[PDB]
Amino acid sequence: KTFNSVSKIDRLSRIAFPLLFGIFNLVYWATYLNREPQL
Amino acid sequence: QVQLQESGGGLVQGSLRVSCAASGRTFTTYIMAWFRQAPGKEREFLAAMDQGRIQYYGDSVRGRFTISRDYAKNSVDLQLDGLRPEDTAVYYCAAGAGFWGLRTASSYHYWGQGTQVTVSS
Ligand SMILES: CCCCCCCC(=O)OC[C@H](COP(=O)(O)O[C@@H]1[C@H](O)[C@H](O)[C@@H](OP(=O)(O)O)[C@H](OP(=O)(O)O)[C@H]1O)OC(=O)CCCCCCC
Ligand SMILES: CCCCCCCCCCCC(=O)OC[C@H](COP(=O)([O-])O)OC(=O)CCCCCCCCCCC
Ligand SMILES: CCCCCCCCCC
């Protein structure tokens with residue numbers, strides 16, 4: 001009786017999806033918060 | 001990508017008309033302004049015109065320079081009369097929302113390349 005191995009797609013997605021989402025948040029907030037003119 | 005082309009003469013002995021045409025964005029709801037930069041001096045405000053057809057002028061060029069806008073063509077024109085030797089400078093077209101401004105260059109996000117103007121006695 002063999003069993004399924006843990007999906008390498010899942011294994012690398014666990015590190016990829018949070019990492020890319022965090023980098024996107026970094027870039028988005030950095031490029032949008034500092035946008036208005038100043039005196 | 002937004003561009004602000006300018007056109008006009010380069011040398012006068014005198015009347016002139018410097019025009020500015022916008023592309024890539026409709027500036028109907030923006031303030032369109034003309035600035036001037038002489039060699040060594042800082043950039044200064046000549047004129048501005050608002051969506052409400054209201055005209056603001058600098059003290060140095062009040063009553064001489066006349067600003068107008070063609071909203072259909074998305075352009076701003078400046079008629080120059082009574083030119084003098086100290087009017088020699090690079091003239092810049094600009095468009096903005098007028099935040100903290102209508103007189104400060106920092107309030108205008110879009111800028112033209114600039115057009116040289118010279119007056120010879
Ligand atoms: C987020 C995407 C990340 C992609 C990472 C890409 C990682 C990658 O390329 O791995 C191969 C993947 C299948 O890998 P996965 O871990 O799911 O499947 C296991 C393994 O890869 C073999 O298929 C089996 O071993 P064998 O052959 O019988 O010896 C094993 O059987 P068992 O152990 O259960 O008995 C399977 O469990 O299939 C693709 O073509 C990717 C399409 C991705 C398209 C993605 C489109 C979004
Ligand atoms: C995984 C992401 C990593 C980081 C990528 C870059 C992040 C950029 C953050 C936002 C930057 C920004 O000001 O907006 C860029 C453009 C929209 O430009 P504009 O129309 O606001 O001038 O916005 C866009 O067109 C979207 C920017 C994000 C790229 C798409 C991400 C899709 C992710 C799908 C799942 C992996
Ligand atoms: C990964 C977390 C990135 C956070 C960027 C925004 C922080 C707020 C700065 C005001």
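Chain A is the first sequence line, chain B the second, and so forth, proteins listed ahead of strands; every chain is numbered from 1. Numbering of ligands and ligand atoms starts at 1, following listing order.
Nearest protein neighbour of atom 15 (P) of ligand 1, counting heavy atoms only, is A:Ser7 OG, 3.9 Å. Nearest protein heavy-atom neighbour of atom 33 (O) of ligand 1: A:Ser5 OG, 2.6 Å. Residue, atom and distance of the protein heavy atom nearest to atom 3 (C) of ligand 1 are A:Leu12 CD1, 3.7 Å. Among all protein heavy atoms, the one lying closest to atom 2 (C) of ligand 3 is A:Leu26 CG, 4.5 Å. Taking atom 35 (O) of ligand 1 as the reference point, the nearest protein heavy-atom neighbour is A:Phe3 O, 4.4 Å. From the protein, the heavy atom lying nearest to atom 6 (C) of ligand 1 is A:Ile9 CG1, 4.1 Å. A:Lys8 NZ, 4.9 Å is the protein heavy atom nearest to atom 22 (C) of ligand 1. Nearest to atom 34 (O) of ligand 1 among the protein's heavy atoms is A:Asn4 ND2, 3.0 Å.
Using a 4.0 Å threshold on non-hydrogen atoms, atom 29 (O) of ligand 1 does not count as touching the protein. There is no protein heavy atom closer than 4.0 angstrom to atom 45 (C) of ligand 1. Within a 4.0 Å radius of atom 18 (O) of ligand 1, the protein contributes no heavy atom. Note that atom 10 (C) of ligand 3 has protein non-hydrogen atoms nearby, at separations under 4.0 angstrom. Within a 4.0 Å radius of atom 37 (O) of ligand 1, the protein has at least one heavy atom. Distances from atom 7 (C) of ligand 3 to the protein include no heavy-atom value under 4.0 Å.
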Report each N/O pair between ligand 2 and the protein that falls under 3.5 Å, naming both atoms.
unit_1: ligand 2; atom_1: 21 (O); unit_2: A:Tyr32; atom_2: OH; d: 2.6

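The cationic atom of B:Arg43 (NZ for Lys, CZ for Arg) lies less than 6.0 Å from the six-membered ring centre of B:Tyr92 and within 45° of the ring axis.
Taking a 6.0 Å sphere around CD of B:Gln13, one finds it holds 12 or fewer heavy atoms contributed by other residues, nucleotides or ligands. No more than 12 heavy atoms of other residues, nucleotides or ligands sit less than 6.0 Å from atom CZ of A:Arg11.
Under the side-chain hydrogen bond (donor to acceptor under 3.5 Å, both in side chains) test applied with B:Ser19, the options B:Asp70, B:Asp77, B:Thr115 reduce to a single match, B:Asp77.
The main-chain N or O of B:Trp100 is never found under 3.5 Å from a side-chain atom of B:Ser107 such that the two would form a donor-acceptor pair. With hydrogens and angles disregarded, no donor-acceptor distance shorter than 3.5 Å links the side chain of B:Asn74 to the backbone of B:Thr28.
With 3.5 Å as the limit, one finds a donor-acceptor pair spanning the side chains of B:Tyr30 and B:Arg25. If you check the side chains of B:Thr118 and B:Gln116, you find a donor sitting under 3.5 Å from an acceptor.
For B:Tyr108 and B:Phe35, the distance between ring centers is under 6.0 angstrom. In this structure, the ring of B:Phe45 has its center no less than 6.0 angstrom from the ring center of B:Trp34.
A salt bridge is absent between B:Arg69 and B:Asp50; no separation between the charged side-chain nitrogens and carboxylate oxygens falls under 4.0 Å. Ion pairing between B:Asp87 and B:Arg84 fails under the 4.0 Å rule for side-chain N and carboxylate O.
With ligand atoms numbered from 1 in the order given, ligand 3 contributes 9 (C), 10 (C) to contacts under 4.0 Å with heavy atoms of A:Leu33. Of all atoms in ligand 1, numbered sequentially from 1 with element shown, those under 4.0 Å from a heavy atom of A:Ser13 are 1 (C).
Applying the ring-ring contact (aromatic ring centres under 6.0 Å, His included) rule to A:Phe17 yields no partners; only residues at least two apart in sequence or on another chain are considered.
Ring pair A:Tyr32/A:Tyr28 is tilted by interplanar angle, where 30° to 60° counts as tilted.
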